[PDB]
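J.: Experimental structure and its sequence below.
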Amino acid sequence: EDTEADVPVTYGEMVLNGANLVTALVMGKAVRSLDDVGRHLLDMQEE
Amino acid sequence: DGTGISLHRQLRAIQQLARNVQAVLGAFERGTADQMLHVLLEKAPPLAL
């Protein structure tokens, strides 16, 4: 026995909100954290 | 649902319904004229006669 005790956590979560909602019902697709992916792709060509 | 999708589908719902009503209310506008013809044609002799 290391220990009868432990430290569990609570459920994650996600939704289609800002740009994920638009594309889902317009382009028909969606991505985890499109805001992030979008920020990092655009910024990446600004160095 | 708490959703952005279910609302949007309900938007399509309200929306398509409004199109149908605009159409059928205009039918009785179209049809009152189309029916007016028939009752004129039904009572109109051919001119030759």
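T.: Looks like it arrived, so ask away. Numbers count the residues shown, from 1 in each chain, chains lettered A, B, ... in the order given.

J.: which residues does the residue of chain B found nearest chain A contact?
T.: Going by CB to the nearest CB, chain A is nearest to residue B:4 of chain B, at 4.1 Å. For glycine as for every other residue, the C-beta is placed from the backbone atoms N, C-alpha and C. Contact analysis of residue B:4 by CB atoms under 8 Å, 6 or more residues apart in numbering or on different chains lists A:15-17, A:21.

J.: ok, which of those also contact chain B?
T.: Restricting these to those touching chain B (CB under 8 Å from any CB of the partner chain) yields A:15-17, A:21.

J.: With neighbour count and secondary structure added, can I get those residues in JSON lines?
T.: JSON lines is the format used below for those (neighbours: other CB atoms under 10 Å in any protein chain shown; DSSP: H, G, I helix; E, B strand; the rest coil):
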{"residue": "A:15", "neighbour count": "10", "secondary structure": "coil"}
{"residue": "A:16", "neighbour count": "17", "secondary structure": "coil"}
{"residue": "A:17", "neighbour count": "11", "secondary structure": "coil"}
{"residue": "A:21", "neighbour count": "18", "secondary structure": "helix"}
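
J.: for these, which one is nearest chain B?
T.: residue A:21 (4.1 Å).

J.: Tell me if I'm right that the closest one and residue B:6 touch.
T.: No. In this structure residue A:21 lies outside contact range of residue B:6 using CB atoms under 8 Å: 11.3 Å.

J.: Could you list the residues in contact with stretch A:33-47?
T.: So stretch A:33-47 is contacted by A:18-20, A:23, A:31 (CB under 8 Å, 6+ apart).

J.: What residues sit buried inside the helix ranked longest in chain A?
T.: As assigned by DSSP state H, the longest helix anywhere in chain A is helix A:34-44. Going by neighbour count (16 or more other CB atoms under 10 Å in any protein chain shown), the buried part of helix A:34-44 is residue A:34.

J.: Can you show me the helices along chain B?
T.: B:5-43.

J.: Closest to chain B out of the contacts of stretch A:33-47?
T.: Using CB to the nearest CB, residue A:20 is the member of the contacts of stretch A:33-47 that lies nearest chain B, at 8.5 Å.

J.: Settle this for me: that closest one is touching residue A:28, isn't it.
T.: No. The pair residue A:20 / residue A:28 is not scored as a contact, 11.9 Å apart, by CB under 8 Å.

J.: That's all I had, so thanks and see you.
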